[PDB]
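Below you will find one chain, with nothing else, as structure tokens; this is the form deposited in one PDB entry, and questions on how it binds or moves follow later.
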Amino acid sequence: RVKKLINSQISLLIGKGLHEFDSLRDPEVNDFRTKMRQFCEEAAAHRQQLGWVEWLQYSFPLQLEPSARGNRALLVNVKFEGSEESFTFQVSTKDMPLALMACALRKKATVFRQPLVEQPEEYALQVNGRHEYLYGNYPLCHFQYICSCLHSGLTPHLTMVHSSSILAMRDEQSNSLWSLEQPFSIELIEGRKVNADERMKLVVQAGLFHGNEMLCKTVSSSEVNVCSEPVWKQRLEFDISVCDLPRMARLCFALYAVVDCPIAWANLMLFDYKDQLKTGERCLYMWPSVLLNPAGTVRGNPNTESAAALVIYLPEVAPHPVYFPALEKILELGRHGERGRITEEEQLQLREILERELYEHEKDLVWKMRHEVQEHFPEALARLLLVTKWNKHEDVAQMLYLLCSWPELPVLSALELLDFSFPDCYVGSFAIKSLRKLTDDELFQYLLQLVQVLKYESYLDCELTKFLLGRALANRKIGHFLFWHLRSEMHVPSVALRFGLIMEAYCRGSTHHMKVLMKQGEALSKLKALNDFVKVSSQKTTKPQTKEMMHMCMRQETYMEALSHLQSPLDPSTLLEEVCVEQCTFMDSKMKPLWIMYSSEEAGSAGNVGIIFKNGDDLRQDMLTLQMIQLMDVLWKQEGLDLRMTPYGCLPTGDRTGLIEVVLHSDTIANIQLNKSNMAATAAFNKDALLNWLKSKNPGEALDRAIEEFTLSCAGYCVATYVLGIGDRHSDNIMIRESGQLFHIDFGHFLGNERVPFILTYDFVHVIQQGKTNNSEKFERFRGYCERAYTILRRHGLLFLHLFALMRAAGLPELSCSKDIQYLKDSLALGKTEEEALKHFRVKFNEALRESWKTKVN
């Protein structure tokens, strides 16, 4: 009776009725659902018997300063849970939270006149009106909240939570092949539901691929006239023996009418998930094209009513079922071989090509010397896997014998092995095995990417699915973001199945979070409906009248209930409590996004947050551009360079639907540039507007930090926008914070999509120099910041180049081919030495400085 209640709720949350999974009557889906439910059930169980501190590490994972993960006078306002009274203590930034708790329980004792039994080990420090906690043995300054407070000059507000209270929340949440030498062949029987120009003839181009690389030369079909139902019944004979086919082998098809014009495409794995070599008739429900597309999904098109079907016949090779040899048989064959016996002369050449694409003889050198490659250069695994001939059974057995006994690579090297260039499942398992060491902070930084690698998966049940699920159930934030990255792509038919199953499994592992995300979903349902009125009304009537019948609408009992008392999809630590209906408006852009305001009694001024709801644009590129800027900011802070960046939240939630974080107390450059009369910023020259503006937002001595806050953020934004190749930078998409902090918004076109140069703007160069015309001292400190930020970004170029490589799986039209990844392999300048790249960056900056001189002349 509780089950059907849970199952109706899962289906509603994922926006796909679980009956549809059963309807397919697919044994691969039916096994994932049983196998993965069990895993998640085991997880939930282990989680319900966690310690009170351990539970904190789940529900509220520590938010630490990049500098700290891996002295100064500070006033702090601590209170106790069931209390109205509070205390202000003058702690230090070097103090552990415990000394504060010890301080708080001493003050409580004296006030309440009682010799207190309580110890500070029994307590935790909640951030007031937040799902943020201050625990462990880390100085206060190490905590992101405490640190933000010092910069903003604000007083940290903490509530003392007893172990009993945490436990009370913990509780309230309890739920043989190698013999077959014949050349692999197929029968292209017929086609169905095809549409093409009568004047042409149809062709089927089939090819055998292992990731991207061809396993052999592709074979085309006979030219058969344009018919909705064309018939071939021909034998497509491929130049590859049945034994030689690898385990992760995929057969790709291309249907195209020629006089070139592609109709559709469809791929499939020759081996089933249970390692059986597929035999019988197969009807490939193709996907529309825009000649082979390996990377494309191996499971058929769901809408079978429009889709052009291709019926093929996998012939019976042996008299009984053939299963891919087990590792036992694989390691036996690859054990024996001739070891790499070569001259120190050719060993020198080997170190060169490994430390440094490569020539044919060079590959042969990497393959003959594979044992040395494992012994003295293990990080060079990927390059060795690329010299391997996956179209010969014995070379693969040789490779997998070296991998099985290969040392665990670092996290940076394991990210390369997730890419489609390495489709071997034992290589991927090893990749995840080398990735397991990932810190929960690190994992979260690369989760967007590892979730995109799920689209490169051949089979439903895989290491990556199990690893992400197990990690998501071990950290409520990872679980929050995992769900939303999955949920947002349910409209896409090529993933709706996989994703739905992943999310259904997750729900079995966290019944309570399933209720929390359903609460969030129900709010976004109302916002989609509200935005629809706004889109319509903004056309007919004026903004004051739309802004009013939108409030009236939000005032309704359904709206008031759904839009209030929830966690933010933008950050689950953020508790969007009571909605400020009067403070709610909508931007005047094409889509008419919504500005939703929130406020809290508990959180206080730190609880007055805002969100932006947008329906109409694809939000996946901005999300990527902002994760990159945030990573840039993490990589800089790690080297002690804090360029005071603002990577505000962005999160796609559904079909062309998402949320953007309101950065309160910020305004677009342009708005200030308007130089309106009767204001506190009204200038005699347009050059002054920003400076005069900062003056008013930063009186007296406060101006000097604001200018410096401006300089750093500007250094970082120039450097963030150069590397990423962010174009279309007008006055609108640049915003300034009252603190002086500068930031960018609306990331329409990155990776030069032609070739975006270094950008410098005299209106900000006038602010940097503190109003002065010639101020080489202050300006050249800004040039120094740019150089520092640029060189730190280059030293992590393989990290950006690996996260952009994997991100190709999303299908962002400004990130799909080789040239897009060349952009970073040109901006981060990884061919040139640090000195040769620094030479070229200064030459790029000076050119921008000269370009900025178009205004200094006028």
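Just count from 1 along the sequence shown to find any residue number. We call the rigid core the largest set of C-alpha positions that still match within 1.5 Å between the two forms.
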> Does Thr833 have no coordinates in at least a third of the other PDB entries examined?
Replying inline: no
> How about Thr791: is it missing from at least a third of the other entries compared?
Replying inline: no
>> Checking chain continuity here. Are there deposited residues lacking coordinates between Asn753 and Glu754, and if so is it 1 to 3, 4 to 9, or 10 or more (or none)?
In response: 4 to 9
>> Unmodelled residues of the deposited sequence between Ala168 and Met169: none, 1 to 3, 4 to 9, or 10 or more?
In response: none
>> Per the record, averaged over C-alpha atoms, which has the higher B-factor: 417-425 or 780-788?
In response: 417-425
> Out of 795-803 and 817-825, which one has CA B-factors that are higher on average in the deposited record?
Replying inline: 817-825
> Which of these has the highest Cα B-factor in the record: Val127, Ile759, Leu450, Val579?
Replying inline: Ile759
> From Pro61, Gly831, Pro66, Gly51, can you pick the one with the highest C-alpha B factor in the entry?
Replying inline: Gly831
> Within this chain, which third does the Cα B-factor at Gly604 fall in: lowest, middle or highest?
Replying inline: highest
> What third of its chain's C-alpha B-factors does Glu504 belong to: lowest, middle or highest?
Replying inline: lowest
> Lowest, middle or highest third: where is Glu237 by Cα B-factor in its chain?
Replying inline: highest
>> Taking only the Cα B-factors deposited for this chain, tell me whether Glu548 sits in the lowest, middle or highest third.
In response: middle
> Relative to the other modelled residues in the chain, which third contains the C-alpha temperature factor of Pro378: lowest, middle or highest?
Replying inline: middle
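Beyond the structure shown, there is the form deposited in another entry, which is absent from this document and is the topic of what follows.
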>> Quick check for you: superpose on the rigid core, then look between this form and the one not shown for a C-alpha move of 2 Å or more. Which of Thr88, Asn774, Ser405, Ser605 is it?
In response: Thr88
> Is there a C-alpha shift of 2 Å or more at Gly153 between this form and the one not shown once the rigid core is superposed?
Replying inline: yes
